[PDB]
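Shown next as structure tokens: one chain only, the form deposited in one PDB entry.
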């Protein structure tokens, strides 16, 4: 593609200048390669996410079938999605976030204390993955299987891995632990209007992944951005900016979710362009969060930025249910790293070849 090649190596290295030019010339752009419109402005992406009747997550409505193991909260829209959405909302909000912050603070400190002895380690493998996997298993209230403690099978073999995970989920539902999102789901299911069928099981799988790979990649993106921005780490070290506001700026700046796809169900004009029923639109929210029309000086990392109405947690009917867990994870991680002021890069990052959910596979670091 002449404008946007998401898996081009030079593009993966830094997509944001490519997003900017695309936004500047064709903010609503038809991409033949991806068979989708590409919206790079905050206003357009917000509209895409706030009208399920016009832009749907259920691609069956444009006659694309859903693999049965993928029909879930994520791939349904109201009214189909609604009982599940509310059940998940209810089980999440029943959790004690103060207790979660307390135990994650201890875990982050002991992780980095052990990694302080190294002179160079991969922040991704040794902290981001370990920390987020601990958080999501404790939050859901399940134990890692001894034969696959890293859940490595679950990152046809894909069909077999989904069926194995579904087997695990059903055993959890049948014998829930003493706390967490899943035991509260079990408690709340009678009278929720949700059936304990395959859609529920698939939804637990989707919840796990939403609460694992996504925050893990954010934590790596965020630290990489701080290390690569002159003065940004030292600003945190000095207490010059608050962590809450810094975390929201880091989500805006390098939040992992790059693309949210929707199916167009009614003709619509956007940026002058006539999007047609049956076509796919892609809200490039990574680009939208650097849209100058919404954020002044958007390509500059401003840890004190206020206001900051970023799209990093989505909008509307499918907005992120774990966003306050994500914020606790980031806040805890930064405070824990800040106990080791000499943190510095220790080699080059390498980017995962992923244009949809952006992250690093390696982030060489030392704590000093």
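Residue numbers count along the first chain shown, from 1. Shifts are known only where both forms have a C-alpha. If you superpose the two forms and keep the largest set of C-alpha atoms that fall within 1.5 Å, you have the rigid core.
The same protein also exists as the form deposited in another entry; that form is not shown, yet it is the one meant from here on.
**Q** Which residue, 167, 109, 195, 80, is displaced 2 Å or more at the Cα between the shown form and the other one after superposing the core?
**A** Of all the options, the C-alpha that shifts by at least 2 Å belongs to 167.
**Q** After superposing the rigid core, is the C-alpha displacement of residue 89 2 Å or more between the shown form and the other one?
**A** False for residue 89: its C-alpha shift is below 2 Å.
**Q** Could you check whether the CA atom of residue 242 moves 2 Å or more between the shown form and the other one, using the rigid core for the fit?
**A** No: residue 242 shifts by under 2 Å between the shown form and the other one.
**Q** Does the C-alpha of residue 148 move 2 Å or more between the shown form and the other one once the rigid core is lined up?
**A** After core superposition, the C-alpha of residue 148 moves 2 Å or more between the shown form and the other one.
**Q** Looking in the other entry, decide if the C-alpha atoms of residue 141 and residue 148 are closer or farther than in the form shown; they differ by 3 Å or more.
**A** Farther is correct, given that in the other entry the C-alpha spacing of residue 141 to residue 148 is increased by at least 3 Å.
**Q** So the CA-CA distance for residue 184 and residue 149 moves by at least 3 angstroms in the other entry. Closer or farther than here?
**A** They are farther apart; the C-alpha distance rises by 3 Å or more in the other entry.
**Q** Could you point out the stretches of 3 or more consecutive residues whose C-alpha atoms all move by 2 Å or more between the shown form and the other one when the rigid core is superposed?
**A** Shifted segments: 145-154, 156-175.
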